[PDB]
Amino acid sequence: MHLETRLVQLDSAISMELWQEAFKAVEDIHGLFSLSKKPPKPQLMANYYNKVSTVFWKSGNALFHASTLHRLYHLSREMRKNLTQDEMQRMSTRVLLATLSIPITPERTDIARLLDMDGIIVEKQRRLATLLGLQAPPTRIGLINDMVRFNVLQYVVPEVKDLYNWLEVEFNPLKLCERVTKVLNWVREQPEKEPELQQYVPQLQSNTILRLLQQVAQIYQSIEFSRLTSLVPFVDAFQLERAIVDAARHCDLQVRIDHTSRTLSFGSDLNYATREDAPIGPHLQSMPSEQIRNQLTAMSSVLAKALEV
Amino acid sequence: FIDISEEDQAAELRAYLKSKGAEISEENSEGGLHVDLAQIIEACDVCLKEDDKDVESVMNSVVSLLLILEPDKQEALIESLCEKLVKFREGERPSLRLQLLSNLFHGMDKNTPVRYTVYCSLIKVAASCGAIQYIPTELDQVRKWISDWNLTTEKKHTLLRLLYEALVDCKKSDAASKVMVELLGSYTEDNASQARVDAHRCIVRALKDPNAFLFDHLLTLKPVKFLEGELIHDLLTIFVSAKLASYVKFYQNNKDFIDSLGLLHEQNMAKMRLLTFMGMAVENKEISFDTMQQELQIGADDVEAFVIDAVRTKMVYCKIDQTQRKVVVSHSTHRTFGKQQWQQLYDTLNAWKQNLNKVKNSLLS
Amino acid sequence: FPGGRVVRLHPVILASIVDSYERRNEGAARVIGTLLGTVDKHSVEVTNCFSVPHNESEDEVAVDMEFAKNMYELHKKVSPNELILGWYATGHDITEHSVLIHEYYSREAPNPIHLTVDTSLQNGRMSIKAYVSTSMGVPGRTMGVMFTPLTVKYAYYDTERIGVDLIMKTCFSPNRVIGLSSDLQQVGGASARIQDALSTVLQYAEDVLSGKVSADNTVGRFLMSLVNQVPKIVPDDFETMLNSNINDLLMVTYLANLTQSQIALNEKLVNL
Amino acid sequence: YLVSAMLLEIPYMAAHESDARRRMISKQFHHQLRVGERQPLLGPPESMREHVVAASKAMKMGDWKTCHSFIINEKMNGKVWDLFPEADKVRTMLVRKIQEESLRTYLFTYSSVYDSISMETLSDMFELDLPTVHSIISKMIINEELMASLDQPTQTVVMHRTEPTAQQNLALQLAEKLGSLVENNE
Amino acid sequence: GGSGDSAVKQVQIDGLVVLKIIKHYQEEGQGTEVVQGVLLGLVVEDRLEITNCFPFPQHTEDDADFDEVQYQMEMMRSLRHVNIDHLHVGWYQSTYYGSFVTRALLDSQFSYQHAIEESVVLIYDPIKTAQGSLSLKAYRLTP
């Protein structure tokens, strides 16, 4: 008579497009729930967690959405034992949920409020995480493998099984352009595959570019982008060109942006500080080709010496 | 098993905790007490006579292990006792035998039948669960003293021959080989005749997978300087291919094993690797793109992707400009005389600089 | 698979060994404690330890397991890293008193994990041999135990064992820290000349006949690995880059010294 | 939003002594210090969620959220000029978003395009040839010009040089203080 | 050598003492007021050489609150049992700050050295000192 009093407060608010008082409601359901470890925590909580999912899916980053979906994956498979669902279509639905939600955001754009004390809400992320059940705020794709630790790798449906076997596993310069978005256009099949599966695709396309430009940036170091528009045949030509520079300006890699003759080199290395690996965590599997900088002098000289001594 | 921590006299107390053993074991256990102290027949009994039908016993089998170390001929009754370990077909409680009888800890590695006994046992016992942690258990004392009895050396040579295909791997194959081939090479098995089939093994390590980079991990220390190049094998076959860059220089050199292996992918791989290297070491650690076009006999875009194949080879590992600086540092293929003459000009270059650098920094230190 | 393979401690276990041993409360020969750490279920990764009151002799030994719980209480509060995995003694391995402290710790009764520190005038024998006790059936006498070896590994915080590297510089001759980085240049020099004296004998051995066996494509592989990172190939625009960095770095510390003077001109005009 | 989030996104990269202390930060510290936002509902967030993209310029994204659901909520209807105040607004969105990559995203930009910049954002070539000219003299930017070719070579290098000058944001506020110390002393 | 004013001494930090610090180097507390503990030795040859010192573990996740002193004296009775007395010759810290002396602990350790003149306060910081000279400094609130 209280969680269901607040869960009608929640559905009504989110259906009314009221995200401020919807957040206040997802706080209230847990402000009440904080004094609800006293009950053996119920296993009809999938309701609460799939609603705060729907609440985050467009408001908060897919980061916090994916972290919520992991806590669903834990809880609502503890259900699939107790609840006991004979559902392979839901197994496909909930693995693609947890996957599609993960590879969305490489970096958050917090410099609009770095003017006047930024770190505040960057730290409040931990208070948001308190409502999820987390203490340490969520990681990136590092997460996806923290449940490929589980049988995600087997249970996931062969529509998308062999898509991350590109993205995370098979790192290529030019063998992903016509290998992700092709079978993502095969994902776009509209009606029966839960239109929930769709709205991950605009960030999927963005994220695929944000991966594979850091690839060809540290794989090649000078391609001409009269050819590169053909190299990656995405739906865009213009918005992809200003997505090349969008990645560069928003600190993914190093390129020569807007050349008149349109020769866009990547260089060696000239500005290696933090906008190489975007920022510290690399978007590059076993490519990372030789850049040179500080202290490498002493410790490479004595490392290489003493490997055989 | 029940406790052994009474007065030792472990013999008739093993007989006590053998009363609960196999029926074929306990029909000899208390019978042995009438015979002798009974660490000969009654000790070998639970070895000769099989378990009930599970390795729940092993807690007593550790008693049977340490009950023939000091009293009996240890090695005689430890070659058997470690035949039951495969006769059972499991490697986790048979493995606790292998771990406490590994080497130099309750057993005392002689003279090295003690390492072999458990080694060849473990080989048959486990898949490769116990087997992997015996690369250290071997190599740790390989570096301090190799087996003086060349019987034990060719024992482990037969082990490292079948540990090629025992663990399902290609780099484990290289590891167990470049142990097999290295102690074969330095001092062992010459025995020029019984090194011949071992040359056919070492060429499989050179050829099947490209992990000599072409023929360098066969020419660098002593894996051909022993396993002779132009012996009856024609191991220099891959050395005739090592600088040449041509189908013919792999195909005229192709004999009736790799005639049917066969050769259609590694040709292009190892070819453009030896070209990449000697290209870099010529013109001149920063070569041009259209030079590589004509060198590798194909156009632009494929050869630009073969730069990525070559940075994953880790032979040419640096930043690639499109029109210049194509092949780069890390000279990974053989520069057999050029690296040696360079080693002398670089220890010169060090004695020139880093010794200057001592008194340089020591001015402000 | 057997859990008795390796203990990956680090020299802070030897810290609460040796300080404890060399104050000792005149526990003359035998100082003993209960080791606390983690397990990889195959490996035993350990951070800390502590020496307990004992009077181990024939046939009296005491391990105050009430006090070992008191110390664990204070230890788990100090850091939540560790569980009491067993006991570590000084000299020596399997005794009839070890197995008395076994049944004292089978009051505790996780997996028996022991660490025996030889107190002898040797080198070849290790100053610690870590042991686990399997078989381990045992409803009989005291405890049927079988000492299987745990390889001695130092695998924790690399900058800590850099701290230990300095402690091993003090072990030779301390080695106080005022000019740390100043005389790490002397250390870097000594390292670079050991490389030179290495490379010289490697050459001159084959300059005569049959030298540079274990060097050609290993030390030669890691001579081109020197020039991989220093020097930069041969760019004189990189000479220009780092003498322009010298202009930058001198000018960072340059106004650091202008602030140095300004420290006195600001806060010491206070003293008029 | 057009005299502050444009005029003052130039000196906000480590050159703070021009900050006008009466602006949107009246409310920009409010509708940013909230743990949750989405598609804005109020006036000020619907006058912000196009501003936040007017930092990631997006001529497309920012023009599309002053004309979302305001023609009911008094933007187009009320300002008694039916469609033209938007034709004003759109123009001061189109133009004030070419004056952005100029001031923000110029780091690795050395050779840039000023014909294609007209194709991207759709303003008149002269109404872009004027402000791209203005960008240099009016805002004293480190970028060169020969505009018979309609081009602006930059040669900016300030990125890890403005860091030691971000030390002179405060190394001045050490030696600008010794100027003020002995004013009081005597 | 390292004699002080009227009573106070040098400190000799043996190699296992820095290891008693670097076991809690930066683990549990990054930007926290880490009190790495109290250094206890004895008045010995002109330099109070350290025996042991264990990190006084405040409410360690986010903030720093001084614990029950039951731990302090019961632990250093745990030391009394087979080891030296609580001869607390000072307190020591990391504390994610090479080259500082804090305000609140400046007051605390002055009051410490007020009770016992013969006391020092060690500040060991790891290579976060910037490498970067003088990682260990045993500062004291002056005579």
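Chains as they are written, first to last, in the authors' numbering: chain 1, 228 to 536; chain 8, 6 to 370; chain 4, 106 to 377; chain 2, 686 to 871; chain 5, 29 to 171.
Where a beta carbon is used, it is the ideal one built from N, C-alpha and C, also for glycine.
- Separation of residue 763 (chain 2) and residue 754 (chain 2) (C-alpha to C-alpha, rounded to the nearest whole angstrom) is 14 Å.
- Within chain 1, the C-beta atoms nearer than 7 Å to that of residue 316 (chain 8) come from 516, in chain order.
- In terms of Cβ geometry, residue 78 (chain 5) and residue 112 (chain 5) do not form a close pair [threshold 8 Å].
- Taking 8 Å as the CB threshold, residue 856 (chain 2) lines the interface with chain 4.
- Proximity of residue 337 (chain 4) to chain 1, defined by a Cβ-Cβ separation below 8 Å, is satisfied.
- For residue 250 (chain 8) against residue 219 (chain 8), the beta-carbon gap comes to about 11 Å, at or over 8 Å, which does not count as contact.
- A check of alpha carbon separations from residue 85 (chain 5) across 110 (chain 5), 108 (chain 5), 119 (chain 5) and 145 (chain 5) identifies 119 (chain 5) as the nearest.
- Around the C-beta of residue 493 (chain 1), 16 or more other C-beta atoms lie within 10 Å, and the residue is accordingly described as buried.
- Here DSSP, grouped into helix, strand and coil, assigns residue 190 (chain 8) to helix.
- Taking a 10 Å sphere around the C-beta of residue 109 (chain 4), we find 16 or more other C-beta atoms and assign the residue as buried.
- Not one beta carbon of chain 1 lies nearer than 8 Å to the beta carbon of residue 175 (chain 8).
- Among the residues of the region 30-50 of chain 5, those with a Cβ less than 9 Å away from any Cβ of chain 4 are 42, 43, 44, 45, 46, 47, 48, 49 and 50, in the order of the chain.
- Annotation for residue 183 (chain 4): the continuous alpha helix (DSSP H) segment containing it runs 170-183.
- For the region 309-325 of chain 4, the set of positions with a beta-carbon nearer than 9 Å to some beta-carbon of chain 8 reads 309, 311, 312, 317, 318, 319, 320, 321, 322, 323, 324 and 325 in chain order.
- When Cβ pairs closer than 8 Å are counted between the two stretches, the region 809-816 of chain 2 is seen not to touch the region 845-854 of chain 2, the count staying below three.
- Contacts between residue 333 (chain 4) and chain 8, judged by CB atoms closer than 9 Å, involve 322, 323, 334 and 335 in chain order.
- In this structure, the beta-carbon distance from residue 835 (chain 2) to residue 799 (chain 2) falls below 8 Å.
- Taken in chain order, the complete beta strand (DSSP E) segments of 3 or more residues contained in the region 425-469 of chain 1 are 449-451.
- Exclusion of the five residues before and after residue 129 (chain 4) leaves 136 as the residues of its chain whose Cβ lies within less than 6 Å of its Cβ.
- Contact between residue 325 (chain 1) and residue 297 (chain 1) holds, with the beta-carbon distance rounding to 6 Å and staying under 8 Å.
- Per DSSP, reduced to three states, the secondary structure at residue 82 (chain 5) is coil, with no helix or strand assignment.
- A direct Cα-to-Cα measurement between residue 819 (chain 2) and residue 787 (chain 2) gives close to 11 Å.
- Taken through DSSP and simplified to helix, strand or coil, residue 312 (chain 1) comes out as coil.
- Look at residue 38 (chain 8): its C-beta is not under 8 Å from any C-beta on chain 4.
- Note that the C-beta distance between residue 171 (chain 8) and residue 128 (chain 8) is below 8 Å.
- Less than 8 Å separates the beta-carbon of residue 54 (chain 8) from that of residue 30 (chain 8).
- Fewer than three beta-carbon pairs drawn from the region 181-199 of chain 4 and the region 516-528 of chain 1 are found closer than 8 Å, and the two stretches are therefore not classed as touching.
- Secondary structure note for residue 46 (chain 5): it is in no beta strand (DSSP E), and the uninterrupted alpha helix (DSSP H) holding it is 43-50.
- The beta carbons of residue 121 (chain 5) and residue 62 (chain 5) sit about 6 Å from each other, so the pair counts as a contact at 8 Å.
- For residue 870 (chain 2), the uninterrupted alpha helix (DSSP H) segment begins and ends at 863-870.
- Inclusion of residue 208 (chain 8) and residue 241 (chain 8) in the CB contact set at 8 Å is not warranted, their separation being larger than that value.
- Buried is the label assigned to residue 65 (chain 8), since at least 16 other Cβ atoms lie within 10 Å of its Cβ.
- Residue contact check for residue 830 (chain 2) against chain 1: no CB pair falls below 8 Å.
- Look at residue 64 (chain 8) here: in three-state DSSP terms it is helix.
- Annotation: the continuous beta strand (DSSP E) that includes residue 165 (chain 5) extends over 164-167.
- One alpha carbon belongs to residue 103 (chain 8), the other to residue 161 (chain 5), and they sit about 51 Å apart.
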